[PDB]
$ cat start02.pdb   # PDB, C-alpha atoms and all ligand atoms
ATOM      1  CA  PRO L  12      49.527 -55.021-135.285
ATOM      2  CA  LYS L  13      47.328 -54.411-132.219
ATOM      3  CA  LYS L  14      43.822 -55.760-131.560
ATOM      4  CA  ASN L  15      40.851 -53.637-132.593
ATOM      5  CA  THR L  16      38.139 -53.779-129.925
ATOM      6  CA  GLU L  17      35.283 -53.136-132.419
ATOM      7  CA  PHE L  18      36.082 -54.893-135.716
ATOM      8  CA  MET L  19      37.925 -58.211-136.081
ATOM      9  CA  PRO L  20      39.498 -59.190-139.402
ATOM     10  CA  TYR L  21      38.656 -62.820-140.206
ATOM     11  CA  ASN L  22      40.434 -64.943-142.805
ATOM     12  CA  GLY L  23      38.657 -67.967-144.244
ATOM     13  CA  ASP L  24      39.358 -70.184-147.215
ATOM     14  CA  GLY L  25      39.420 -67.897-150.249
ATOM     15  CA  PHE L  26      37.912 -64.875-148.473
ATOM     16  CA  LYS L  27      38.255 -62.355-145.664
ATOM     17  CA  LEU L  28      35.951 -59.885-143.934
ATOM     18  CA  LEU L  29      35.487 -57.794-140.791
ATOM     19  CA  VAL L  30      33.456 -59.396-138.042
ATOM     20  CA  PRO L  31      32.121 -57.376-135.090
ATOM     21  CA  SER L  32      34.453 -58.081-132.149
ATOM     22  CA  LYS L  33      31.600 -58.392-129.658
ATOM     23  CA  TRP L  34      29.738 -60.953-131.793
ATOM     24  CA  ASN L  35      30.360 -64.682-131.433
ATOM     25  CA  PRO L  36      30.482 -67.676-133.777
ATOM     26  CA  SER L  37      27.279 -69.662-134.202
ATOM     27  CA  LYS L  38      26.996 -73.370-134.894
ATOM     28  CA  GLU L  39      23.517 -72.988-136.390
ATOM     29  CA  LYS L  40      23.414 -74.242-139.979
ATOM     30  CA  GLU L  41      21.185 -71.625-141.585
ATOM     31  CA  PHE L  42      21.866 -71.727-145.337
ATOM     32  CA  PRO L  43      23.373 -74.006-148.025
ATOM     33  CA  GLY L  44      27.150 -73.786-148.213
ATOM     34  CA  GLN L  45      27.515 -72.000-144.914
ATOM     35  CA  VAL L  46      31.172 -71.714-143.819
ATOM     36  CA  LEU L  47      30.834 -68.929-141.246
ATOM     37  CA  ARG L  48      28.117 -67.599-138.962
ATOM     38  CA  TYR L  49      28.464 -64.899-136.279
ATOM     39  CA  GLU L  50      25.719 -63.432-134.106
ATOM     40  CA  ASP L  51      25.094 -60.827-131.445
ATOM     41  CA  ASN L  52      24.166 -63.091-128.575
ATOM     42  CA  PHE L  53      22.231 -60.279-126.991
ATOM     43  CA  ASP L  54      20.116 -59.841-130.141
ATOM     44  CA  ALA L  55      20.230 -62.849-132.413
ATOM     45  CA  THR L  56      18.446 -61.050-135.257
ATOM     46  CA  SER L  57      21.797 -59.308-135.581
ATOM     47  CA  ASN L  58      23.951 -61.835-137.408
ATOM     48  CA  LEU L  59      26.093 -62.555-140.419
ATOM     49  CA  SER L  60      26.880 -65.570-142.568
ATOM     50  CA  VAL L  61      29.369 -66.372-145.288
ATOM     51  CA  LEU L  62      28.318 -68.983-147.816
ATOM     52  CA  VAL L  63      30.410 -70.683-150.473
ATOM     53  CA  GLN L  64      28.420 -72.644-153.049
ATOM     54  CA  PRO L  65      29.154 -74.255-156.393
ATOM     55  CA  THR L  66      27.974 -72.244-159.382
ATOM     56  CA  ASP L  67      27.786 -72.749-163.118
ATOM     57  CA  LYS L  68      28.521 -69.000-163.566
ATOM     58  CA  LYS L  69      31.849 -67.289-164.238
ATOM     59  CA  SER L  70      31.024 -63.878-162.832
ATOM     60  CA  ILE L  71      28.389 -62.374-160.562
ATOM     61  CA  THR L  72      27.202 -60.469-163.650
ATOM     62  CA  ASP L  73      26.101 -63.789-165.163
ATOM     63  CA  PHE L  74      23.188 -63.732-162.737
ATOM     64  CA  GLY L  75      22.010 -60.452-164.268
ATOM     65  CA  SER L  76      21.716 -57.229-162.252
ATOM     66  CA  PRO L  77      21.950 -57.062-158.435
ATOM     67  CA  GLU L  78      18.138 -57.128-158.341
ATOM     68  CA  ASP L  79      18.112 -60.250-160.541
ATOM     69  CA  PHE L  80      20.709 -61.863-158.304
ATOM     70  CA  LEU L  81      18.586 -61.130-155.223
ATOM     71  CA  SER L  82      15.627 -62.909-156.846
ATOM     72  CA  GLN L  83      17.832 -66.011-157.368
ATOM     73  CA  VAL L  84      18.982 -66.094-153.723
ATOM     74  CA  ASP L  85      15.799 -64.828-152.081
ATOM     75  CA  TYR L  86      15.884 -67.821-149.669
ATOM     76  CA  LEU L  87      18.410 -65.573-147.894
ATOM     77  CA  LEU L  88      15.607 -63.160-147.046
ATOM     78  CA  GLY L  89      13.147 -65.496-145.359
ATOM     79  CA  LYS L  90      11.784 -69.000-144.879
ATOM     80  CA  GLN L  91       8.282 -68.586-146.322
ATOM     81  CA  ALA L  92       6.894 -72.018-147.248
ATOM     82  CA  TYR L  93       5.500 -70.828-150.598
ATOM     83  CA  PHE L  94       6.447 -68.656-153.538
ATOM     84  CA  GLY L  95       4.281 -65.547-153.284
ATOM     85  CA  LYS L  96       3.515 -62.225-154.902
ATOM     86  CA  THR L  97       4.237 -59.243-152.632
ATOM     87  CA  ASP L  98       2.041 -56.152-152.812
ATOM     88  CA  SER L  99       4.600 -54.029-154.648
ATOM     89  CA  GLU L 100       3.834 -52.926-158.243
ATOM     90  CA  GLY L 101       7.565 -52.720-159.117
ATOM     91  CA  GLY L 102      11.008 -53.594-157.746
ATOM     92  CA  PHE L 103      11.006 -56.809-155.674
ATOM     93  CA  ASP L 104       7.446 -58.017-156.286
ATOM     94  CA  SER L 105       7.530 -61.744-155.516
ATOM     95  CA  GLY L 106       9.557 -64.457-153.776
ATOM     96  CA  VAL L 107       9.835 -66.261-150.430
ATOM     97  CA  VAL L 108       9.395 -63.349-148.052
ATOM     98  CA  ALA L 109       6.062 -61.568-147.419
ATOM     99  CA  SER L 110       7.387 -58.069-148.133
ATOM    100  CA  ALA L 111      10.734 -56.742-149.408
ATOM    101  CA  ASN L 112      11.817 -53.227-150.275
ATOM    102  CA  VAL L 113      15.136 -52.861-152.090
ATOM    103  CA  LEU L 114      16.696 -49.728-150.637
ATOM    104  CA  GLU L 115      19.840 -49.642-152.741
ATOM    105  CA  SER L 116      22.291 -51.722-154.715
ATOM    106  CA  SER L 117      25.788 -51.280-156.017
ATOM    107  CA  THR L 118      28.312 -52.945-158.273
ATOM    108  CA  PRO L 119      31.748 -52.239-156.824
ATOM    109  CA  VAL L 120      34.755 -53.582-158.671
ATOM    110  CA  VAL L 121      37.542 -54.332-156.209
ATOM    111  CA  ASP L 122      40.971 -55.637-157.207
ATOM    112  CA  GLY L 123      39.632 -56.401-160.674
ATOM    113  CA  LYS L 124      36.739 -58.554-159.405
ATOM    114  CA  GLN L 125      33.077 -57.648-159.793
ATOM    115  CA  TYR L 126      31.042 -57.574-156.559
ATOM    116  CA  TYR L 127      27.356 -56.956-156.061
ATOM    117  CA  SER L 128      25.823 -55.464-152.942
ATOM    118  CA  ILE L 129      22.118 -55.020-152.222
ATOM    119  CA  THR L 130      20.244 -53.713-149.196
ATOM    120  CA  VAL L 131      16.730 -54.938-148.547
ATOM    121  CA  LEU L 132      14.141 -54.152-145.888
ATOM    122  CA  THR L 133      11.909 -57.149-145.191
ATOM    123  CA  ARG L 134       8.860 -58.219-143.170
ATOM    124  CA  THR L 135       7.236 -61.626-142.535
ATOM    125  CA  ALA L 136       3.558 -62.733-142.241
ATOM    126  CA  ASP L 137       3.081 -61.460-138.709
ATOM    127  CA  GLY L 138       3.761 -57.759-138.566
ATOM    128  CA  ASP L 139       4.081 -58.240-134.767
ATOM    129  CA  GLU L 140       7.605 -59.353-135.736
ATOM    130  CA  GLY L 141       9.824 -56.359-136.464
ATOM    131  CA  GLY L 142      11.177 -55.471-139.914
ATOM    132  CA  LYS L 143      14.736 -56.518-140.784
ATOM    133  CA  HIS L 144      17.536 -54.811-142.681
ATOM    134  CA  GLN L 145      19.434 -57.327-144.797
ATOM    135  CA  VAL L 146      22.566 -56.587-146.788
ATOM    136  CA  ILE L 147      23.916 -59.135-149.247
ATOM    137  CA  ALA L 148      27.330 -58.923-150.881
ATOM    138  CA  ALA L 149      28.460 -61.475-153.427
ATOM    139  CA  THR L 150      31.037 -62.391-156.040
ATOM    140  CA  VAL L 151      32.054 -65.400-158.144
ATOM    141  CA  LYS L 152      35.494 -66.980-158.386
ATOM    142  CA  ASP L 153      36.832 -70.366-159.488
ATOM    143  CA  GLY L 154      33.441 -72.004-159.910
ATOM    144  CA  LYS L 155      32.182 -70.840-156.533
ATOM    145  CA  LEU L 156      29.533 -68.309-155.519
ATOM    146  CA  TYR L 157      30.702 -66.385-152.478
ATOM    147  CA  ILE L 158      28.000 -64.711-150.401
ATOM    148  CA  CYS L 159      28.153 -62.558-147.308
ATOM    149  CA  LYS L 160      24.779 -61.680-145.752
ATOM    150  CA  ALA L 161      24.487 -59.566-142.622
ATOM    151  CA  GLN L 162      21.355 -58.266-140.990
ATOM    152  CA  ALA L 163      19.871 -56.456-138.019
ATOM    153  CA  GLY L 164      16.391 -55.560-136.846
ATOM    154  CA  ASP L 165      15.060 -52.079-137.582
ATOM    155  CA  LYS L 166      15.506 -50.714-134.070
ATOM    156  CA  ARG L 167      18.973 -52.185-133.547
ATOM    157  CA  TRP L 168      19.980 -50.949-136.986
ATOM    158  CA  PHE L 169      19.527 -47.322-135.912
ATOM    159  CA  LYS L 170      21.268 -47.985-132.595
ATOM    160  CA  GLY L 171      24.654 -48.828-134.093
ATOM    161  CA  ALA L 172      24.110 -52.170-135.842
ATOM    162  CA  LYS L 173      24.081 -50.402-139.222
ATOM    163  CA  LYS L 174      27.806 -49.778-138.962
ATOM    164  CA  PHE L 175      28.550 -53.426-138.321
ATOM    165  CA  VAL L 176      26.267 -54.836-140.991
ATOM    166  CA  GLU L 177      27.480 -52.459-143.681
ATOM    167  CA  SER L 178      31.152 -52.831-142.623
ATOM    168  CA  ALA L 179      31.006 -56.647-142.687
ATOM    169  CA  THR L 180      29.461 -56.771-146.119
ATOM    170  CA  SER L 181      31.518 -54.003-147.710
ATOM    171  CA  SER L 182      34.751 -55.511-146.315
ATOM    172  CA  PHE L 183      33.946 -58.960-147.741
ATOM    173  CA  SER L 184      36.757 -59.772-150.148
ATOM    174  CA  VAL L 185      37.716 -62.860-152.144
ATOM    175  CA  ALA L 186      41.344 -63.600-152.962
TER     176      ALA L 186
HETATM  177 CL    CL B   1      12.662 -52.118-141.235
HETATM  178 MN    MN B   2       2.581 -54.056-148.085
HETATM  179 MN    MN B   3      13.845 -50.529-140.959
END
$ encode --input "start02.pdb" --output "structure tokens"
Amino acid sequence: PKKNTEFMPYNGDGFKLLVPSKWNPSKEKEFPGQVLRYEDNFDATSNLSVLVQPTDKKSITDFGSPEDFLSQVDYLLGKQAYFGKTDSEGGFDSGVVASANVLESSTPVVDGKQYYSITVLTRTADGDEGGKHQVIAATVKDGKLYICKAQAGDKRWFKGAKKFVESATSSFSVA
């Protein structure tokens, strides 16, 4: 087995995923239950995290649909200091980010385990700050909620970051 110069398989406790080879580990504690964080040091809005949290649920489906799940983890999307209505008349219409557009979601079953994935375009209060593309994949096993969230800014997304964000999240697998 030779080294891939683009994607790096990473094995953690109970999970594995592909991490971009040119990204580096981050010691920033961003979210509850964080066990991994990697970032593009030359654009830190490109980053990924793996979180492992306790949950009362048995399956990701116990949260409801992918859209329901997103509403229950919307702290992943932004750090707004208040719960607020967005200006959408449907879809994501309220939470802790100023604006969120759900682009797509999916419910892949892999090795007999139900995963959710959801892709969301966000903005904050100052629209002098660029929009972000955030992809969240998640599953539940053994009393734990496993989350992989990867993201990149709009411009970086269309200059190759898409591949890395979507690959990281879609590769995320729990034993
Ligand atoms: Cl965007
Ligand atoms: Mn708007
Ligand atoms: Mn965009």
$ closest_residue --input "start02.pdb" --among "L:62, L:87, L:29, L:111" --to "ligand CL 1 (chain B)" --atoms "all atoms listed in the file"
L:111
$ residues_near_ligand --input "start02.pdb" --ligand "ligand MN 3 (chain B)" --cutoff "8 Å" --atoms "all atoms listed in the file" --output "list in words"
residues 132, 142, 143, 144, 164, 165, 166 and 168 of chain L
$ atom_distance --input "start02.pdb" --atom1 "CA of residue 159 in chain L" --atom2 "CA of residue 25 in chain L"
12.8 Å
$ residues_near_ligand --input "start02.pdb" --ligand "ligand MN 2 (chain B)" --cutoff "10 Å" --atoms "all atoms listed in the file" --output "NGL selection string"
:L and (97-99 or 109-112 or 134)
$ closest_residue --input "start02.pdb" --among "L:137, L:150, L:129, L:157" --to "residue 88 in chain L" --atoms "all atoms listed in the file"
L:129
$ axis_aligned_box --input "start02.pdb" --around "range 114-120 of chain L" --padding-each-side "5 Å" --output "AutoDock Vina command-line options"
--center_x 25.7 --center_y -51.6 --center_z -154.7 --size_x 28.1 --size_y 13.9 --size_z 18.0
$ resolve_selection --input "start02.pdb" --expression "the PyMOL selection byres (((chain L and resi 81) around 12) and not hetatm)" --output "PyMOL selection string"
chain L and resi 71+74-80+82-88+102-108+111-113+115-116+127-131+145-149+158+160
$ atom_distance --input "start02.pdb" --atom1 "CA of residue 120 in chain L" --atom2 "CA of residue 48 in chain L"
25.1 Å
$ closest_residue --input "start02.pdb" --among "L:125, L:60, L:35, L:70" --to "residue 180 in chain L" --atoms "only C-alpha atoms"
L:60
$ resolve_selection --input "start02.pdb" --expression "the PyMOL selection byres (((chain L and resi 54) around 12) and not hetatm)" --output "MDAnalysis selection string"
chainID L and resid 33:35 49:53 55:58 162:168 172
$ residues_around --input "start02.pdb" --residues "residue 179 in chain L" --least-positions-apart "2" --cutoff "9 Å" --atoms "all atoms listed in the file" --output "PyMOL selection string"
chain L and resi 18+28-31+59+159-161+174-177+181-183
$ atom_distance --input "start02.pdb" --atom1 "CA of residue 118 in chain L" --atom2 "CA of residue 185 in chain L"
15.0 Å
